[PDB]
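Before any comments, here is the structure.
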Amino acid sequence: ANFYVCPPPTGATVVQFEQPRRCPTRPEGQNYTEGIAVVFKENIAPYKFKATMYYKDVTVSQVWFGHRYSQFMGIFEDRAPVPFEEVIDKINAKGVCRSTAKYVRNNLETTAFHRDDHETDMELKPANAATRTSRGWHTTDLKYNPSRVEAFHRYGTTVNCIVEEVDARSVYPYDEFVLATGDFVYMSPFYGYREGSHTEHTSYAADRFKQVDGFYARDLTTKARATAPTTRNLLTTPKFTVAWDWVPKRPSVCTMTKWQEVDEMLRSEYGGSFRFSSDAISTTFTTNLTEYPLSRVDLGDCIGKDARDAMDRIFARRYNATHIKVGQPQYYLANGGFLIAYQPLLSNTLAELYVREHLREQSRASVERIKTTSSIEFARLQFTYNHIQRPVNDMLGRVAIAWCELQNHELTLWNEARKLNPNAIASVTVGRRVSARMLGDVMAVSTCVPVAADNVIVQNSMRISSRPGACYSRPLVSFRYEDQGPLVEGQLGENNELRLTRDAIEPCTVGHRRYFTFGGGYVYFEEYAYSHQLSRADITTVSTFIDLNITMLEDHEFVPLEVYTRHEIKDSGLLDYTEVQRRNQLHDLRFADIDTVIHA
Amino acid sequence: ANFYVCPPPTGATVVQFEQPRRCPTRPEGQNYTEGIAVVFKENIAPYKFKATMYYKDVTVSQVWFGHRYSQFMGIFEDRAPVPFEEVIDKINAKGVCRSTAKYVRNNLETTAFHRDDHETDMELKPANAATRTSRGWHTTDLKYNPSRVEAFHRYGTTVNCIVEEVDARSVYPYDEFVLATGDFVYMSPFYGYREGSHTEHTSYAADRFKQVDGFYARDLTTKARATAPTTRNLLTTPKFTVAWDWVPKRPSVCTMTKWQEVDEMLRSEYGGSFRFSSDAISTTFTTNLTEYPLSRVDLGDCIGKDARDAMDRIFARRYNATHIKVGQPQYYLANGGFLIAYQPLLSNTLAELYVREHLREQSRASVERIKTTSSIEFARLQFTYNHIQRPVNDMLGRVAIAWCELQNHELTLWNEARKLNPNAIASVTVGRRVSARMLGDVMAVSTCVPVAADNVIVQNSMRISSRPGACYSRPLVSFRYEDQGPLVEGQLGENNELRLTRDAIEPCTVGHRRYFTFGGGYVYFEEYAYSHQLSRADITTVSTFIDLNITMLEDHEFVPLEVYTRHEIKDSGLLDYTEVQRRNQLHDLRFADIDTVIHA
Amino acid sequence: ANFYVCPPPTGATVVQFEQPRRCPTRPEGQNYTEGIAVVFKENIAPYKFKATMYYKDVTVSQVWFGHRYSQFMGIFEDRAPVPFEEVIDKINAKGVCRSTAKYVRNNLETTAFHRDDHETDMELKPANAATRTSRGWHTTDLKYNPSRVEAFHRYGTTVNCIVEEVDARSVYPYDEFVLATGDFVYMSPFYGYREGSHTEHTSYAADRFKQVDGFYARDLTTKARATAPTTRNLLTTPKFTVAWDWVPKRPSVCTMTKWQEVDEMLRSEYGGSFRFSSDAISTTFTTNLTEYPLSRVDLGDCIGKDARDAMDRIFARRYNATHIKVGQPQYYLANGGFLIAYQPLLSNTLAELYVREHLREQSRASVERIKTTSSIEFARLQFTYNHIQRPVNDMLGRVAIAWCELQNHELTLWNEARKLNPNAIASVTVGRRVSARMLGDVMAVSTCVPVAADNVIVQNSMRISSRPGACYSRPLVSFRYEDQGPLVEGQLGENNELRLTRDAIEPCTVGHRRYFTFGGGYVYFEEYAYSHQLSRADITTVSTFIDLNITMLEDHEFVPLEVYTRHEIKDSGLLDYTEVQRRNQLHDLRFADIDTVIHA
Ligand SMILES: *[C@@H]1O[C@H](CO)[C@@H](O[C@@H]2O[C@H](CO)[C@@H](O)[C@H](O)[C@H]2NC(C)=O)[C@H](O)[C@H]1NC(C)=O
Ligand SMILES: *[C@@H]1O[C@H](CO)[C@@H](O[C@@H]2O[C@H](CO)[C@@H](O)[C@H](O)[C@H]2NC(C)=O)[C@H](O)[C@H]1NC(C)=O
Ligand SMILES: *[C@@H]1O[C@H](CO)[C@@H](O[C@@H]2O[C@H](CO)[C@@H](O)[C@H](O)[C@H]2NC(C)=O)[C@H](O)[C@H]1NC(C)=O
Ligand SMILES: *[C@@H]1O[C@H](CO)[C@@H](O)[C@H](O)[C@H]1NC(C)=O
Ligand SMILES: *[C@@H]1O[C@H](CO)[C@@H](O)[C@H](O)[C@H]1NC(C)=O
Ligand SMILES: *[C@@H]1O[C@H](CO)[C@@H](O)[C@H](O)[C@H]1NC(C)=O
Ligand SMILES: *[C@@H]1O[C@H](CO)[C@@H](O)[C@H](O)[C@H]1NC(C)=O
Ligand SMILES: *[C@@H]1O[C@H](CO)[C@@H](O)[C@H](O)[C@H]1NC(C)=O
Ligand SMILES: *[C@@H]1O[C@H](CO)[C@@H](O)[C@H](O)[C@H]1NC(C)=O
Ligand SMILES: *[C@@H]1O[C@H](CO)[C@@H](O)[C@H](O)[C@H]1NC(C)=O
Ligand SMILES: *[C@@H]1O[C@H](CO)[C@@H](O)[C@H](O)[C@H]1NC(C)=O
Ligand SMILES: *[C@@H]1O[C@H](CO)[C@@H](O)[C@H](O)[C@H]1NC(C)=O
């Protein structure tokens with residue numbers, strides 16, 4: 001440590017303390033509006049409905065009878081459709097099916113007879129039980145073959161009337177549908193003759209379709225004849241007859257599917273966009289502040305009904321006796337393709353402002369389909385960031401406000417501490433060792449000059465020999481400003497300060513014990529006499545500072561993770577059409593010669 | 001700035017400082033228990049096993065020989081199954097296959113002869129090589145056709161014995177399985193006659209299935225006869241014969257699949273649920289504190305074996321010489337459908353508490369299948385929030401504790417600063433300019449009255465005319481409480497304070513230089529004489545406050561993002577069954593007349 | 001509250017305050033390098049190209065004419081390929097197709113004639129319109145059947161030349177491709193005779209493939225003859241002829257697909273790995289600091305072109321007049337399987353350092369395919385954690401630095417407060433009630449002894465009877481160190497301190513009003529006479545502490561959430577190959593007897 005010599009400060013330089021600053025204002029709280037919400041997503045599930053398929057499994061086989069064996073020289077298999085007359089007057093009316101298959105095939109009016117015998121009404125019976133299969137009924141199980149006749153190619157016909165209940169599936173624009181057997185029906189499931197249903201798509205002749213009003217279906221297993229009538233549609237395809245109940249299109253299909261029902265969906269406005277955050281599901285959405293026209297959604301007649309039902313149910317369940325509805329439900333299109341049906345609410349404690357919020361809330365040729373993203377993590381991350389960033393910022397603001405107040409509060413103490421020891425207060429505030437004097441309401445300063453530690457010596461005795469009973473308050477010292485400069489009489493001061501005047505006089509008292517700072521340690525005195533030097537660590541130390549142990553957040557590495565890779569999902573299927581077709585089509589190239597030609 | 005006049009305070013009002021407050025206690029550290037863990041997920045991969053399929057590709061064609069050409073009037077193709085007798089005594093025993101196909105078709109015992117010749121044992125040879133295909137063997141490559149005979153419809157038969165090795169797949173409940181060729185086998189892969197295997201599902205007659213004990217398979221390419229025996233199952237379907245090795249069901253299939261092996265899985269208890277957090281994978285799970293009964297998992301025999309093996313391996317690898325096992329492994333069902341197999345551990349430094357942790361850890365008719373969610377982000381977000389919320393809260397608590405300690409620590413300084421300048425300390429603490437007096441251990445206060453800045457004037461000199469050598473410590477002033485009120489003799493004080501007594505007298509000294517606050521600036525004096533006024537900015541300013549630059553966290557917007565949209569995943573398939581079927585079934589409506597009828 | 005008695009401190013024990021500590025240094029700012037970036041992902045989309053398929057729908061049917069009906073005894077259907085000669089000289093050259101189908105089937109040169117008549121060139125016309133179907137042309141719509149002849153089995157042939165435009169798809173290694181009709185073509189789409197194309201895969205004889213140079217395609221609907229030539233490839237499969245334009249393999253396929261184009265991709269280096277963070281998409285990647293050799297990517301010729309094009313476009317759009325390019329683009333393989341093409345940039349304000357950054361940036365036998373993960377949440381979570389952890393740590397560091405500076409700053413006040421009241425400052429710093437004395441630059445301490453509250457009594461008056469006009473500054477007291485010990489004369493002090501000397505004398509003054517702390521309250525005096533006792537709450541209290549209201553972050557629970565479960569995605573398909581095949585193959589077991597045999 002170096003010593004310092006400071007001359008008497010004068011008015012050549014003055015300094016003052018900074019006045020209290022204006023601390024930051026508390027940020028305004030965000031305006032959150034409570035309300036119920038329902039989130040909708042793009043509908044990807046095909047329209048499903050029940051249908052009945054009627055057809056006759058006609059088959060004729062040619063058999064060759066050898067001397068001691070029989071061989072099948074050819075087996076022809078074909079599916080024949082059941083006409084409307086039969087499906088209405090025999091199967092449905094009596095549960096019987098004609099044994100003759102009459103239909104058009106390859107532009108020819110072909111006819112077949114079961115066992116080549118005369119026509120006869122055959123009873124329909126349930127088919128053999130099978131696990132995970134819909135109900136089905138048939139009329140014949142044993143295939144008919146010609147009788148044995150040595151050396152002849154005889155023929156035998158078999159007609160097996162079959163009726164089955166299959167699940168039909170359809171997708172947008174719902175212009176066609178498939179059946180459980182994989183057969184395609186190029187006709188809209190909603191095609192008909194009533195209420196503009198004739199405008200639907202149809203790829204068959206007008207005579208191939210028939211609609212029956214007031215149709216009473218008759219179950220085949222149980223012979224009941226239904227309880228209420230229905231509008232039955234019947235189509236005769238080239239290979240089968242399919243029948244299904246007709247229903248209106250608009251209230252039967254919907255392009256949007258209800259995804260979540262949020263009980264508490266807080267909505268805030270900032271940055272020109274609403275923020276719908278749900279604490280229950282931990283998700284945050286963003287819109288454009290303009291209600292999405294619900295009429296623009298193609299086939300979106302289910303959105304309003306489902307939204308209103310869910311809103312009423314949730315309101316009656318929770319907000320029945322605590323809040324009130326403010327305006328009709330609002331619809332907004334959130335980022336990512338999510339349609340949100342919002343319902344603002346207001347607490348009963350401040351219902352007087354209902355008239356002011358109603359009108360403000362009410363202020364918020366073609367159709368299209370909303371495309372919803374397959375990942376919601378973009379919204380969950382937004383909520384997580386907001387859930388942490390918002391509270392952290394609040395605490396940071398409070399710390400800054402409190403810190404500023406503390407500094408202004410301490411200005412009072414410094415105003416008084418400076419008068420007690422201007423040299424110490426001026427040195428720490430100015431940033432360098434300087435002597436100061438109180439020139440009224442402002443303080444003057446003068447820079448000190450350092451002195452080497454080896455260029456100072458302390459007089460052993462502080463006793464003033466001049467007057468007995470008179471002693472000095474600090475030890476006397478001799479110091480040379482230079483390494484070999486003339487020594488300069490002086491007195492020791494506080495904090496290694498060297499004053500050039502031995503004016504600090506005090507009456508000598510018995511039992512004098514003192515310690516004075518000197519360089520990097522202290523100088524011990526006893527009875528006004530120098531005893532010895534001692535290091536700084538020789539005295540017990542007490543920490544006057546408040547310990548704070550802030551620890552930074554450790555870095556983290558997020559490794560990739562997936563529950564099921566895309567390869568695992570693909571492998572989950574029992575059968576693969578691509579692999580099955582590739583292997584099956586290689587049969588000819590593997591087990592046969594595809595180029596050799598034999599002729600004679 | 002306004003001036004203030006304060007009267008002598010009296011005992012009419014007193015005030016004291018608040019005593020030190022009790023700072024918050026440090027929150028108790030969370031109880032984390034180390035241990036190894038294994039996470040299981042719902043098994044979606046079908047059960048895969050190897051199987052061999054035997055069948056004869058029987059085909060008979062009718063050829064019409066014209067005057068200068070040949071035409072195929074019809075080609076009949078059918079697959080015939082190989083009986084057990086042949087598969088055991090000819091193919092497996094000698095690698096030969098009979099040239100005659102005898103089987104039941106359409107309820108008729110049909111028979112076919114290769115080339116219409118007598119029966120003969122034909123050798124099996126490998127099929128033509130094909131990329132990405134399993135091994136296969138056949139016996140004939142050239143199709144047989146009748147010899148030319150002008151003007152006749154002649155017939156020719158071809159029997160090609162074919163055997164192939166295909167991959168079989170099955171799914172829960174494993175009551176049936178498929179083959180690489182797309183053929184379905186309605187029989188459980190585990191069906192058999194031993195150890196209750198007969199209770200499995202089977203949709204074929206008892207005579208269509210055969211089991212051979214001690215079966216030694218003979219490879220066809222290499223004529224080796226295997227090294228060890230196996231239990232071979234043989235089923236004769238209506239179109240082919242499939243053979244596969246029989247194995248027990250329970251140790252062959254499992255409804256849960258091992259997903260991750262965590263080396264460090266910290267478990268904590270709070271809120272009535274355990275929290276299994278893994279820092280390695282950055283995932284957090286939640287359970288119900290009750291061990292999930294492992295016996296309730298349907299076909300869950302693999303869970304225990306895999307969990308124990310992984311636990312032992314990880315323990316021997318890392319915790320072999322540092323921790324000890326505490327109790328047997330525990331199983332818990334986490335949210336989302338994840339089964340966690342936990343193994344508590346205890347450090348060797350405190351192994352004496354093993355007896356206390358053992359019993360406590362040990363304290364923690366139908367079956368079902370666990371459904372695992374396809375997204376783990378719900379758990380990763382939980383870990384991320386906890387990984388940030390927990391350390392942030394710890395630092396916030398330390399700041400609050402340290403801040404409270406500092407305030408209590410500073411109470412000592414204010415206890416002494418008030419005695420030096422009661423007016424200043426009382427004004428800042430009370431919140432308004434008030435004069436104070438020290439009435440023992442409590443301080444009195446009196447509110448001051450403001451004075452306009454223009455209603456005060458300073459006397460030019462502080463020299464005492466009636467007593468040379470005596471000067472005033474502050475400049476003299478004259479002020480009127482009102483805008484035009486009688487002026488009131490007074491003296492200037494500290495911080496624009498106006499005292500009503502000129503008692504501050506001091507001996508005049510040469511070189512008098514002072515500055516006194518006056519309104520918004522200062523008043524400079526020299527040799528006890530007014531010099532001029534100067535602004536506050538005219539004096540150098542030093543900031544005694546510690547600058548803190550807290551910056552709030554900027555808002556962020558998370559846009560949607562996906563590596564592969566659901567549409568891209570669907571398009572990844574080489575072939576689509578829906579699109580292929582839709583186009584193929586439109587052939588008749590596109591390239592043919594489906595309504596015109598021709599007759600004569 | 002307990003009273004305290006402290007003896008005069010001596011030099012037996014001394015204590016000093018801790019000197020100012022070295023506050024932490026501000027952490028160095030992270031080195032972020034601006035630049036443009038392009039992210040690539042694994043290519044899963046199959047290679048798509050247009051192809052034309054030519055084939056003849058040959059069909060011959062056998063009809064049986066009864067006395068009053070007609071029956072189809074068998075219908076043979078087969079697809080015949082169109083030879084190259086016809087496809088080049090009739091269809092393409094004139095739009096006509098021969099009415100005779102000549103081809104090889106079952107190793108026989110079969111021939112068919114339309115309607116059994118002589119050969120004739122038939123015109124090709126467009127097929128019937130169908131929604132969502134490619135163009136197609138045919139030549140016949142009505143099927144031909146034999147004329148009626150009582151009691152006869154007659155045959156009739158129909159040859160319908162059909163040509164269609166289908167979409168071809170292929171996947172890696174591109175050794176085969178499929179068509180829209182589901183047919184497989186075991187030949188590489190890039191097979192040919194020029195520039196080493198003959199090395200591609202091919203599973204057909206050399207005579208089954210033909211390449212035509214300078215081929216001018218002629219549209220069938222519009223009779224235009226194209227505008228430019230092309231290299232046409234022709235393959236004659238066993239059932240059809242497919243033609244497609246030939247193109248080179250390398251510039252036509254790519255194993256990596258451009259995913260995102262980042263305008264601002266900050267790159268930082270720490271921990272031995274680069275961190276590519278994009279604020280626009282909120283994603284962070286990690287690499288190995290070594291540029292991934294672009295030559296190691298199999299069929300990666302598209303990466304360089306796309307990366308350079310995107311880089312140039314983005315640069316010209318934004319960084320054209322503000323930054324400069326530093327070196328050529330760099331390629332790195334990020335975790336998860338993402339290839340990042342980086343382009344470092346440097347601001348124009350410091351372009352002088354270009355020569356120093358250029359060389360440093362430039363310092364950064366087999367092929368493989370990069371496997372990209374299907375989830376990017378691992379990278380988004382990394383960005384979110386870094387986006388919060390980094391700013392939070394910065395503010396925490398500033399608080400710690402500012403807090404340390406404040407403690408060192410307050411050391412000056414304590415250095416002066418100790419001289420005013422050594423007992424109070426020593427008690428709070430040492431931690432226990434101790435009396436202190438100023439032994440120069442160090443302070444001595446002596447522990448006090450507590451005294452019970454009931455063992456002290458205060459005299460009624462402090463009037464000094466011996467000297468009228470002289471009063472005591474504090475009330476006189478009598479206290480016994482023990483419960484029944486001799487009472488000890490004394491005087492009351494500050495903070496319930498009891499001094500053993502009545503030396504605090506002051507001149508009596510009129511209007512004496514004081515309050516002194518006594519136990520848990522105060523003792524009120526008037527005119528140097530005891531008045532009464534009063535509680536601590538009886539005096540108005542003003543809080544001198546700065547209130548901080550830190551609030552911890554509340555816990556949060558993240559419930560599972562998915563937009564579309566894996567089951568919903570599977571159900572989105574209109575048709576399922578597995579379910580369709582399972583039901584179709586059960587037809588025999590459901591509607592027929594598979595074991596009964598009939599013979600005679
Ligand atoms: C919110 O409104 C903005 C416009 O203010 C929409 O952004 C526009 O979208 C159209 C779509 O055709 C683009 O052509 C425009 O270029 C976009 N404009 C801008 C300024 O970006 C945005 O799509 C709306 N968002 C939602 C969720 O509806
Ligand atoms: C944890 O235990 C709770 C009950 O304490 C389970 O919640 C119940 O689940 C059943 C399922 O049938 C419901 O019927 C009950 O209504 C639920 N009760 C409550 C209070 O919510 C919960 O499923 C258990 N969680 C796990 C992961 O096992
Ligand atoms: C980064 O480099 C490390 C090695 O420094 C790679 O890790 C090695 O990967 C090989 C792959 O065959 C393993 O066999 C080694 O055991 C791994 N070594 C270590 C030390 O883990 C790592 O794959 C590289 N990462 C990227 C993204 O390229
Ligand atoms: C919105 O916040 C402002 C303050 O920023 C407040 O005055 C106003 O009342 C709030 N409005 C609503 C509707 O909450
Ligand atoms: C809902 O509140 C109405 C009054 O507004 C009350 O009559 C009704 O019983 C309440 N229903 C429930 C379920 O609390
Ligand atoms: C601060 O924390 C560190 C790490 O726990 C510890 O070593 C140090 O002693 C602490 N300092 C205190 C409590 O003053
Ligand atoms: C749990 O924490 C408490 C303090 O909250 C502690 O006393 C106890 O020992 C801890 N127990 C375990 C098992 O860690
Ligand atoms: C594991 O510890 C055992 C003693 O408990 C020791 O014998 C063995 O060698 C150790 N194995 C390893 C791999 O460290
Ligand atoms: C606080 O930070 C702002 C922004 O960097 C800066 O402009 C200001 O000067 C800082 N104040 C300080 C360092 O006192
Ligand atoms: C990297 O940071 C160091 C300080 O840590 C700095 O000196 C150096 O200039 C920086 N380099 C670059 C390229 O930004
Ligand atoms: C880009 O900068 C060049 C000069 O470097 C200038 O000539 C050109 O016009 C600029 N282009 C744009 C689009 O700003
Ligand atoms: C601190 O916050 C709590 C909760 O808002 C409040 O009750 C308390 O009065 C606050 N203390 C203050 C502002 O001093």
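Letters A, B, ... go to the chains of the structure tokens in the order shown; residues in each chain start at 1; ligands are counted from 1 in the same order.
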
Would you list the contacts of residue 498 in chain C as a VMD selection string, taking every protein, DNA or RNA residue within 8 Å and counting only C-alpha atoms, but skipping same-chain residues closer than 6 positions in sequence? chain C and resid 3 to 6 490 to 492

Which polymer residues have any atom within 8 Å of an atom of range 134-138 of chain A, counting only C-alpha atoms, with same-chain residues fewer than 3 positions away left out, as a PDB file with C-alpha atoms, in the first residue's frame?
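Contents of around_29.pdb, as written:
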ATOM      1  CA  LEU A 124     -81.737 -66.689 -47.251  1.00  0.00           C
ATOM      2  CA  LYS A 125     -79.815 -67.926 -44.205  1.00  0.00           C
ATOM      3  CA  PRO A 126     -76.995 -66.415 -42.119  1.00  0.00           C
ATOM      4  CA  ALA A 127     -73.454 -67.038 -43.293  1.00  0.00           C
ATOM      5  CA  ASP A 141     -72.977 -73.192 -49.794  1.00  0.00           C
ATOM      6  CA  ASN A 160     -75.578 -68.056 -54.808  1.00  0.00           C
ATOM      7  CA  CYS A 161     -77.590 -64.989 -53.822  1.00  0.00           C
ATOM      8  CA  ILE A 162     -75.578 -63.033 -51.240  1.00  0.00           C
ATOM      9  CA  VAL A 163     -76.531 -59.931 -49.246  1.00  0.00           C
ATOM     10  CA  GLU A 164     -74.178 -58.145 -46.846  1.00  0.00           C
ATOM     11  CA  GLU A 165     -74.081 -55.170 -44.501  1.00  0.00           C
ATOM     12  CA  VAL A 166     -70.933 -53.121 -45.126  1.00  0.00           C
ATOM     13  CA  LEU A 220     -83.162 -61.090 -42.220  1.00  0.00           C
TER      14      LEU A 220
ATOM     15  CA  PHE C 591     -70.385 -68.086 -47.980  1.00  0.00           C
TER      16      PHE C 591
END

Cut-off 7 Å, only C-alpha atoms and all ligand atoms, neighbours of ligand 6 as a list in words: residues 547, 548 and 549 of chain A

Within 8 Å of ligand 11 (only C-alpha atoms and all ligand atoms), residues as a list in words: residues 316, 317, 320 and 321 of chain C

Set the cut-off to 8 Å, count only C-alpha atoms and all ligand atoms, and list whatever residues fall near ligand 4 as a PDB file with N, CA and C atoms, in the first residue's frame.
ATOM      1  N   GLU A  28     -47.902  -1.173 -16.848  1.00  0.00           N
ATOM      2  CA  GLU A  28     -49.338  -1.399 -16.767  1.00  0.00           C
ATOM      3  C   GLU A  28     -49.650  -2.880 -16.932  1.00  0.00           C
ATOM      4  N   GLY A  29     -50.590  -3.370 -16.128  1.00  0.00           N
ATOM      5  CA  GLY A  29     -50.965  -4.769 -16.212  1.00  0.00           C
ATOM      6  C   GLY A  29     -51.663  -5.072 -17.527  1.00  0.00           C
ATOM      7  N   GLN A  30     -51.450  -6.287 -18.023  1.00  0.00           N
ATOM      8  CA  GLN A  30     -52.064  -6.695 -19.277  1.00  0.00           C
ATOM      9  C   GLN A  30     -53.570  -6.841 -19.101  1.00  0.00           C
ATOM     10  N   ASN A  31     -54.316  -6.502 -20.153  1.00  0.00           N
ATOM     11  CA  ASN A  31     -55.778  -6.570 -20.135  1.00  0.00           C
ATOM     12  C   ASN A  31     -56.236  -7.951 -20.598  1.00  0.00           C
ATOM     13  N   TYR A  32     -56.542  -8.806 -19.623  1.00  0.00           N
ATOM     14  CA  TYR A  32     -57.022 -10.151 -19.918  1.00  0.00           C
ATOM     15  C   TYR A  32     -58.537 -10.202 -19.776  1.00  0.00           C
ATOM     16  N   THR A  33     -59.208 -10.749 -20.787  1.00  0.00           N
ATOM     17  CA  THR A  33     -60.658 -10.884 -20.793  1.00  0.00           C
ATOM     18  C   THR A  33     -61.019 -12.360 -20.698  1.00  0.00           C
ATOM     19  N   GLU A 357     -69.115  -2.733 -22.542  1.00  0.00           N
ATOM     20  CA  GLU A 357     -68.362  -3.807 -23.186  1.00  0.00           C
ATOM     21  C   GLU A 357     -69.152  -4.467 -24.310  1.00  0.00           C
TER      22      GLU A 357
END

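From CA of residue 326 in chain B back to CA of residue 364 in chain B, the distance works out to 12.6 Å.
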
Quick one: contact table of chain C to chain A, 6 Å max, nearest atom pair and distance in Å to one decimal per residue, counting only C-alpha atoms, chain and number order, as JSON lines?
{"residue": "C:15", "atom": "CA", "partner": "A:540", "partner_atom": "CA", "distance": 4.8}
{"residue": "C:16", "atom": "CA", "partner": "A:541", "partner_atom": "CA", "distance": 4.9}
{"residue": "C:17", "atom": "CA", "partner": "A:542", "partner_atom": "CA", "distance": 5.2}
{"residue": "C:18", "atom": "CA", "partner": "A:543", "partner_atom": "CA", "distance": 5.0}
{"residue": "C:70", "atom": "CA", "partner": "A:110", "partner_atom": "CA", "distance": 5.2}
{"residue": "C:71", "atom": "CA", "partner": "A:110", "partner_atom": "CA", "distance": 4.9}
{"residue": "C:74", "atom": "CA", "partner": "A:76", "partner_atom": "CA", "distance": 5.2}
{"residue": "C:107", "atom": "CA", "partner": "A:597", "partner_atom": "CA", "distance": 4.4}
{"residue": "C:108", "atom": "CA", "partner": "A:597", "partner_atom": "CA", "distance": 5.4}
{"residue": "C:143", "atom": "CA", "partner": "A:106", "partner_atom": "CA", "distance": 5.5}
{"residue": "C:378", "atom": "CA", "partner": "A:560", "partner_atom": "CA", "distance": 5.2}
{"residue": "C:382", "atom": "CA", "partner": "A:558", "partner_atom": "CA", "distance": 5.9}
{"residue": "C:393", "atom": "CA", "partner": "A:552", "partner_atom": "CA", "distance": 5.4}
{"residue": "C:407", "atom": "CA", "partner": "A:545", "partner_atom": "CA", "distance": 5.5}
{"residue": "C:429", "atom": "CA", "partner": "A:544", "partner_atom": "CA", "distance": 5.9}
{"residue": "C:439", "atom": "CA", "partner": "A:514", "partner_atom": "CA", "distance": 4.6}
{"residue": "C:440", "atom": "CA", "partner": "A:514", "partner_atom": "CA", "distance": 4.9}
{"residue": "C:441", "atom": "CA", "partner": "A:516", "partner_atom": "CA", "distance": 5.0}
{"residue": "C:442", "atom": "CA", "partner": "A:515", "partner_atom": "CA", "distance": 6.0}
{"residue": "C:563", "atom": "CA", "partner": "A:374", "partner_atom": "CA", "distance": 5.9}
{"residue": "C:572", "atom": "CA", "partner": "A:45", "partner_atom": "CA", "distance": 5.0}
{"residue": "C:578", "atom": "CA", "partner": "A:575", "partner_atom": "CA", "distance": 5.5}
{"residue": "C:580", "atom": "CA", "partner": "A:181", "partner_atom": "CA", "distance": 5.6}
{"residue": "C:590", "atom": "CA", "partner": "A:128", "partner_atom": "CA", "distance": 4.7}
{"residue": "C:591", "atom": "CA", "partner": "A:127", "partner_atom": "CA", "distance": 5.7}
{"residue": "C:592", "atom": "CA", "partner": "A:141", "partner_atom": "CA", "distance": 4.2}
{"residue": "C:593", "atom": "CA", "partner": "A:141", "partner_atom": "CA", "distance": 5.4}

What does the list of residues within 12 Å of ligand 5 look like if you count only C-alpha atoms and all ligand atoms, written as a PyMOL selection string? chain A and resi 312-325+348

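Proximity of B:334, B:159, B:299, B:96 to ligand 2, computed with only C-alpha atoms and all ligand atoms, is greatest for B:334.
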